[PDB]
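The next block holds one structure in the form of structure tokens; read it before the comments.
What follows draws every value from the coordinates through simple rules; no lab data is involved. Ideal geometry is used to build each Cβ from the backbone, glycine not excepted, and the neighbour counts take in all protein chains shown.
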Amino acid sequence: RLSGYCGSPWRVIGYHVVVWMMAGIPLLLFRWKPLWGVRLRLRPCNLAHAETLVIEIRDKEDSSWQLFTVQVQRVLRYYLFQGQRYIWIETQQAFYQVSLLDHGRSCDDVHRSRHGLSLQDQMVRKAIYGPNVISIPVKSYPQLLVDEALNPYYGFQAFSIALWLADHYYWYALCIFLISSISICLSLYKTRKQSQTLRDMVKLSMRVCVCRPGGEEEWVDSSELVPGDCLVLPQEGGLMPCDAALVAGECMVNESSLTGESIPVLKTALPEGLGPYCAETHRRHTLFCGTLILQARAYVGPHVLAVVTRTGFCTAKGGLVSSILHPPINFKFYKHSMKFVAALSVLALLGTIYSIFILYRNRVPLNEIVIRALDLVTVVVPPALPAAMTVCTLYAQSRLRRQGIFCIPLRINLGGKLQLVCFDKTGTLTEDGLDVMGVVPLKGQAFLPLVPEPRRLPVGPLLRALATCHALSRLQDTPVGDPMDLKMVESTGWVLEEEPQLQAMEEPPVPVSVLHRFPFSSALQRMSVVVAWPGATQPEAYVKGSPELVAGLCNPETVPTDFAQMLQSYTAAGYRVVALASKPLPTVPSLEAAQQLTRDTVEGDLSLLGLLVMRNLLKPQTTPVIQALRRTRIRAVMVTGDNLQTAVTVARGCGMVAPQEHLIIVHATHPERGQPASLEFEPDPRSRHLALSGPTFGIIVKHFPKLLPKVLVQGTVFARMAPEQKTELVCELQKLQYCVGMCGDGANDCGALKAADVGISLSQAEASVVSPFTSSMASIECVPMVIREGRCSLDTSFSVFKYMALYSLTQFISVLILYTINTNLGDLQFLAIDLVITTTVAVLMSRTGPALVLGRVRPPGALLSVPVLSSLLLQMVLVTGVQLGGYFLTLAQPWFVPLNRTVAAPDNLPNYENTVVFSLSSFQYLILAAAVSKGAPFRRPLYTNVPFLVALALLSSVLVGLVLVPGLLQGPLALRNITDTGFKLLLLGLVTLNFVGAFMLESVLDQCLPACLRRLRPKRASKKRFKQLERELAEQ
Ligand SMILES: Nc1ncnc2c1ncn2[C@@H]1O[C@H](COP(=O)(O)OP(=O)(O)OP(=O)(O)O)[C@@H](O)[C@H]1O
Ligand SMILES: [Mg+2]
């Protein structure tokens, strides 16, 4: 983020204190456009060298913040923003972030020496970088509650409680207070739980060994570590206190908590004096914070030495934690409710205008008129609204946890509107285990193949190349490492034995030892090893890489002419194949290369030896999930780095690419490299599917920008994709306004997961920080679960909107109808209606889960859609008609009359007006809940969640019992009894008529009649995504 800054000290003690002693009212006003509010009161102008209050000025940012400056100990002026420290430097006369001496301005020589820091005073290093800990703040209950109890909604609720108390409506005020307290408790619990769960991810404290200049040693706590300090890895122990660079020795770590992959990763000592150092160059020579150490070996001497380079939030996990906690925006925002709220507000305004008009006709005193008029606007805003909403997210998260998906959440609703998904091939769409079908000897005989053979008999460079070209290690009493290396070593039958210090057991010629090793990285598809055995003239070198890459990394004469056909035959069958190569590596070059640690020299003029053939089968759950996802018109795309033929075969097996397919290849020598197209198996078939290679996608995006947009739309199989290209592909797809989610397993695609709208990890076992979503089950069947849960949550939220609006308007209309005559509902009646009937039903409404199968129809877009408003208005017409009919029916019977213009106060409540209206409205409050809560395409039937049905039945039974002329609970509580037996036959008949009419109307509106009418004359809507979608019609 880019932004300038400015600051100045406080205004000198004087008029400002006294003026904003009174000017505290505009606090709510300044919540919008806060820059002027801080310019007043606090901020004068000052030079940019003695600032205390520090504020930002935009360069690309749109928000605003103010910061506090602190000095310690040169007084070291500094300030912290978003967890990043900034320190004033005299030479530059500007604030500088704490990254000096890092990011390529220090070389491997000074870094290499950099020993023991110094027996210096603690001020210089500790103060600048601070304590080494990722401090997630904690707050006390009084400190926490003030952050949400000051919202304008709760201020208005307090105003209402004050208003009702002045009117002697004691009971209703208590109900409002209880509901507000419940809402506050729910929000506080949510915030506390989220903060606590995030805090657990941060590691705990411990103490390590740290050396000092000379020969001294120390046993200090981890909190005292600072950059430049050298520490010794303890007893091959556990977690890494902080990021550090390995200067001496070799070890391996488990980076599942940071990269999401549980496969052990080898690390090697940092080369000396090569050049400037950086995280990218340090990837295979550094240890990241929060990563376990499995085994460490002392190359030479009694210690394995690492040098700390980053501490606190600056560490690798610190940035991920900051990005987890601080956020920026989904860009699928929901700012569409303002106009619906305005539409509701205009009705409220006209209703209160009518109330104040008619209320004057009753000659009510000049003071009682205004309070009773204000009561209308007071009741329009529905209490418990925040409570019904904070609980929906809790329900969704709890249900997701129950199924083994651990979401970090605002993306629950986002995941329900996915339209394109990316998948990896190995591990994700297929089995992790690998079966070896043998090797193809190529070490002679006119370069001709010797036919595959699953053997271990012959002795030669190929056998020991297989036996030693790996990075296996012994943990406890079993080997651990890459499954592919384990399977290869199993085929040979050689056993890993417990300068080189690693050797193979089986000794047909003689036992073999490994002098040097180069670990793998996803950027380059190869690994190297230096091997020596007794009696050898000089050590040899063996490498293992992708067949295509190594085929071009060896002597051109050695590789056979028909290598392409040989590689295509096995790959086209669905096998996963590799290649092996070896180098004579003469004596002096062999000795110097290992000493100098230069990798380029070893991976030079090699000689191809053979190919390993592996069998990798699809997971049984892969095909049904893909078929179900694709049936609902959701695009599925394969992003893989494997060979293109194998990826195409797997995609065909998975069910993808049913119709014709085509290939685009890099075969062109012209400087622009015009890309030809070939039919996998002439006109331009618009039903074609496109498959691209890594370099092909890398050059097309560069040289043919305008051909790219209609290639991504049709691309299905991406092969030989580099780890950085996956993120590029994900970002490019989003430029088409796509909503892309990705499911990845390996560590190479960690960056792609972050870029995607929703990222799901399959092999991970906890709610880590790498991806927003983590799946404990190693299968792709979780994506449909996420999609269905998201759409169900969205539908539940819309239903909550509708029910809350209906209840608010119903209460408003009932109160106004009472106002038309001369009477008001009793305070106890309001307490009942609000606290019990509305709240218990609203809170329990969101319990029902998602449907068992996905549907073609997508969830609703916005509230302003004609069907929602039309249904609301029709339901209100029905409700008001029912209420007015019930009211008018009473006049037929001999019923006396209320003492209008005699008392005209809420003390004559024992009358026939409030009784019937209350009885009819109480039933409607429950009837409306069922009508709108009903669901099918996205939610399970209403009778699925037992508690909601039980509560509805209990409330309906209680109300019906009340109606059926009891001698109790109906007289003392401001209700009037009637001897005529019109309850069962007529009043309940009208209630049932309302019930059936509302449900029939809701069914009619649910059916496609309202939507089909809107289809005329055109169909296009105002949503901008349709503008990009229509381009597919022109592109196909
Ligand atoms: N020992 C090895 N270490 C690393 N990569 C290897 C090794 N042997 C072969 N490879 C090659 O790595 C190439 C691609 O690297 P990458 O890590 O992207 O493969 P991958 O992880 O199998 O891809 P995917 O995740 O799609 O399966 C593959 O062609 C594979 O043959
Ligand atoms: Mg994988």
*Using the Cα centre as the reference, give the magnitude of the dipole from point charges on the C-beta atoms of the chain (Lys, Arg: +1; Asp, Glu: -1; all else neutral), rounded to the nearest 20 debye.*
4000 debye
*So if we plug the beta-carbon distance of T390 and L949 into 1/(1 + (r/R0)^6) with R0 = 25 Å, what FRET efficiency do we get, rounded to 0.05?*
0.60
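Sum -39500 (n - 2.57) across every DSSP H segment of at least 4 residues in the chain, then divide by the residue count to get the 222 nm mean residue ellipticity, nearest 500.
Values: 36 runs with 415 residues, N = 1036.
Value at 222 nm, helices only: -12500 deg cm²/dmol.
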*Using a simple spin-label model with points 7 Å from Cα along the Cα→Cβ vector, what separation in nm is obtained for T820 and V70?*
6.6 nm
*For region 209-325, what does the equivalent ellipsoid look like in terms of its semi-axes, each the square root of 5 times an eigenvalue of the Cα gyration tensor, given largest first in whole Å?*
21, 17, 15
*Say a paramagnetic label sat at a point 7 Å from the Cα of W32, along Cα to Cβ; which residues of region 336-378 have their backbone N under 16 Å from it?*
336-343, 345
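Can you pick out the pairs among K139/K754; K60/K1019; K33/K1023; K417/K1024; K339/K735; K335/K726 whose Cα atoms lie more than 27 Å from each other?
Working: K139/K754 30 Å; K60/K1019 39 Å; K33/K1023 29 Å; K417/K1024 15 Å; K339/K735 29 Å; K335/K726 32 Å.
Checking Cα-Cα distances, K139/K754; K60/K1019; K33/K1023; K339/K735; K335/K726 exceed 27 Å.
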*Cα gyration tensor of region 186-260 - equivalent ellipsoid semi-axes, whole Å, descending*: 33, 16, 10
*Under a point spin-label approximation (7 Å from Cα along Cα-to-Cβ), what is the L40-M1000 distance to one decimal in nm?*
6.1 nm
_Estimated distance in nm for a label pair at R633 and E497, the labels positioned 7 Å out from Cα along Cα-to-Cβ_ = 6.7 nm
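Ranking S99, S922 by Cβ neighbours within 10 Å, fewest first, what do you get?
Details: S99 12, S922 23.
Least crowded to most crowded, the residues run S99, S922.
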*Rule-of-thumb Rg ratio for the chain [Cα; 2.2 N^0.38 Å; N residues]*: 1.19
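May I ask you to derive the FRET efficiency for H49 and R1025 from their Cβ-Cβ distance with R0 = 35 Å, giving the value to the nearest 0.05?
Working: r = 51 Å, r/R0 = 1.45.
That gives a FRET efficiency of 0.10.
Apply 1/(1 + (r/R0)^6) to the Cβ-Cβ distance of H115 and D221, taking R0 = 22 Å, and write down the FRET efficiency to the nearest 0.05. Spell out each step's value before the answer.
Values: r = 21 Å, r/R0 = 0.97.
For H115 and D221, the calculated efficiency is 0.55.
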_Dipole axis of the chain (+1 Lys, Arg; -1 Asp, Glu on Cβ), positive-most option in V146, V133, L359_ = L359
_Rounded to whole Å, give me the distance from the Cα center of region 600-677 to that of region 108-146._
47 Å
*Taking the inverse of the average 1/r across all pairs of different Cα atoms in region 755-820, what Kirkwood radius in Å do you get?*
15.3 Å
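Just how large is the dipole of region 209-325 about the Cα centre, in debye to the nearest 20, putting +1 at every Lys and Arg Cβ and -1 at every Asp and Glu Cβ? Write out the running numbers ahead of the final one.
Numbers: 7 positive and 13 negative charges, 67 e Å.
Around 320 debye, computed over region 209-325.
Rank these for me by crowding, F681, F999, going from fewest to most other beta carbons within 10 Å.
Ascending number of Cβ neighbours within 10 Å: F681, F999.
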_Which trypsin sites (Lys or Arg not before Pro) in region 844-943 sit in a loop by DSSP (not H, G, I, E or B) and have at most 16 other Cβ atoms within 10 Å of their own Cβ?_
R856, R901, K934
*Apply the Karplus parameterisation 6.51 cos²θ - 1.76 cosθ + 1.60, with θ equal to phi minus 60°, to every residue of region 263-279 and state each ³J(HN,Hα) to the nearest whole Hz, in sequence, with x for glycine and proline.*
5, x, 10, 7, 10, 10, 5, 6, x, 9, x, 6, x, x, 9, 7, 4
